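Data first, discussion second: the structure below is written as structure tokens.
Chains as they are written, first to last, in the UniProt record's numbering: chain A, 4 to 113; chain B, 413 to 616; chain C, 4 to 211.
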């Protein structure tokens, strides 16, 4: 009841994840999700990502490889546990095991 | 000189004297009079006095043994529990630490300037130790039973149930022998023990 | 700096012996704690890669079913995005005492909100229900992965703290006290020797 998963993804991923059930309107009635497209500037994405992270009632964040790669420094600038950030594959961007913040914290184990 | 044992008088006298009641400087800087070390002191007279005890009371020895075990166990625990921030204590460890601290505060510390501490008779100490040990024993057994079965009992539920009886036990210190009679104190402690049992049954 | 400060005396020898013994016992204790932490680290970082590859497989299935949903009914994505008022699965914040330290975890919680009915666009209920079930599974599995990686990201700070403490106890505190013990024993031997020479010379004079 406390925290709610977030979603920053293209139309396919966000429709699929919203059909999974997640997504609520907050006090400002902003959406729990964001729409990313080819017609979506970097500044909007970065500002929305920080907006979500500042809304402490979210807790979990879902971002694919590509969106995170676009704002890579803003992704790896975050080292905290409770506001978890997830790196997931995508049909349009299948996972690369060499690219994860958590495995970068674990880099050197092999 | 300096409180140590290297001085020849200390070494010579320690090999002759049947009982030793050494003092600790730090505890005297705490003004925790009487300032006894409680870990180096000894007495080679327990066995001889067991016969005398078993003629009148027959119940002092188990209480003395259990109290000494609690105190020594806490003395072992202290630095170890300090090393880990005093966070990862099992239930038995927590009851041991708290009960030992309370015992040091109340049942091992006095000054005669009050009428209730100038002389603690044998029966008064017997009752004090008896009820304190019964409290510790029943808390430990309450923990153990539900730890084996289900719903591990913490100190919190016992406090929430019977803090009144717990502080009735804490206040046995000040049952003044100058004013209260011997029968008054004995019956008071017995009533508090019966209420200990009944409250713990109510919690069950 | 190099040596503890205390006057050479036999009580000081016993006291520094006690200090060294306490240091050694704390050393051993924190090594055992570090061993437990390293074992926990290894068994939580065992096959997270395999869990994530399984997630890849699951969402391959999900993308295929999404393509099927696009195929049979045509266009409902905008209606899904348009109507978003309240969620259907939330998270119950929790903590996990894997060891002496605590590590955050999370729990999937079925809030139970009713799903939007798709019956107008070619009566696409069965296929949308299939996609709903697929993503219902995906949500729970990714909550499990989220708990795992949250605890894993938390553990490292405690690991580093424990390692630095053990290393300091092994590098700084012990050699200093050992050097002090050498200094105090040799100084006490010197002083007993001076008294001995004094006694020798007085008996020499007493020979007269």
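Where a beta carbon is used, it is the ideal one built from N, C-alpha and C, also for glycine.
- Counting C-beta pairs with one atom in each stretch, the region 32 to 42 of chain A and the region 11 to 19 of chain A have three or more that are closer than 8 Å, which means they touch.
- The way I'd put it, the region 69 to 88 of chain C does touch the region 123 to 130 of chain C; three or more beta-carbon pairs between them come closer than 8 Å.
- Residue 211(C): not part of any beta strand (DSSP E); DSSP gives it neither H nor E.
- CA-to-CA, the gap between residue 170(C) and residue 40(C) works out to about 16 Å.
- With contacts defined by Cβ atoms closer than 8 Å, residue 112(C) and residue 58(A) do not form a contacting pair.
- Going by beta carbons, residue 588(B) and residue 527(B) fall inside the 8 Å limit.
- Among the CB atoms of chain C, one or more fall inside 8 Å of the CB of residue 418(B).
- In the DSSP assignment, residue 65(A) falls within the beta strand (DSSP E) that extends over 63 to 67.
- Contacts with chain C at 8 Å (Cβ-Cβ) include residue 18(A).
- In this structure, the alpha-carbon of residue 103(C) lies about 15 Å from that of residue 506(B).
- A buried status is given to residue 543(B), since no fewer than 16 other beta-carbon atoms sit within 10 Å of its beta-carbon.
- In the three-state scheme derived from DSSP, where H, G and I count as helix and E and B as strand, residue 107(C) is classed as strand.
- Of all residues in the region 79 to 90 of chain C, only 80, 83, 84, 87, 88, 89 and 90 come within less than 7 Å of chain A when Cβ atoms are compared, listed by chain position.
- Around the CB of residue 64(C), fewer than 16 other CB atoms lie within 10 Å, so the residue is classed as exposed.
- Annotation: the continuous beta strand (DSSP E) that includes residue 38(A) extends over 36 to 38.
- For a cut-off of 8 Å, the C-beta gap from residue 479(B) to residue 541(B) is around 6 Å, short enough to register as a contact.
- Within 8 Å of the CB of residue 43(C), no CB atom of chain B is found; the nearest one sits about 13 Å away.
- By the rule that beta-carbons nearer than 8 Å mark a contact, residue 39(C) does not touch chain A.
- Residues 37 of the same chain have their beta carbon placed closer than 6 Å to that of residue 51(A), with the five preceding and five following residues left out of the count.
- For residue 32(C), the closest Cβ of chain B is nearer than 8 Å.
- Taking residue 58(C) as the centre and dropping the five residues before and after it, the same chain places the C-beta of 144, 145 and 148 closer than 7 Å to its C-beta, in chain order.
- In the structure shown, residue 96(A) adopts coil according to DSSP, grouped into three states.
- With contact defined as three or more Cβ pairs closer than 8 Å, the region 25 to 33 of chain C and the region 191 to 205 of chain C are not in contact.
- With respect to chain C, the C-beta atom of residue 499(B) has a partner C-beta closer than 8 Å.
- At a cut-off of 8 Å between C-beta atoms, residue 495(B) counts as an interface residue with respect to chain C.
- Against chain A, the beta carbon of residue 77(C) has no neighbour under 9 Å; the closest one sits roughly 14 Å away.
- Per DSSP, the beta bridge partners of residue 87(A) are 63(A).
- Residue pairing by DSSP places residue 9(A) opposite 64(A) in a beta bridge.
- The DSSP-derived three-state label of residue 493(B) is helix.
- Of the residues 512(B), 535(B) and 603(B), the one whose Cα lies closest to the Cα of residue 471(B) is 535(B).
- Residue 87(C) sits in coil when the DSSP states are folded into three classes, being neither helix nor strand.
- The three-state reading of DSSP puts residue 186(C) in helix, counting H, G and I together.
- The beta-carbon of residue 492(B) is placed less than 8 Å from the nearest beta-carbon of chain C.
- Annotation for residue 99(C): the continuous beta strand (DSSP E) segment containing it runs 97 to 99.
- It is roughly 13 Å from the alpha-carbon of residue 206(C) to the alpha-carbon of residue 198(C).
- Beyond the five residues adjoining it in sequence on each side, residue 440(B) comes within less than 6 Å, by CB distance, of 447 in the same chain, given in chain order.
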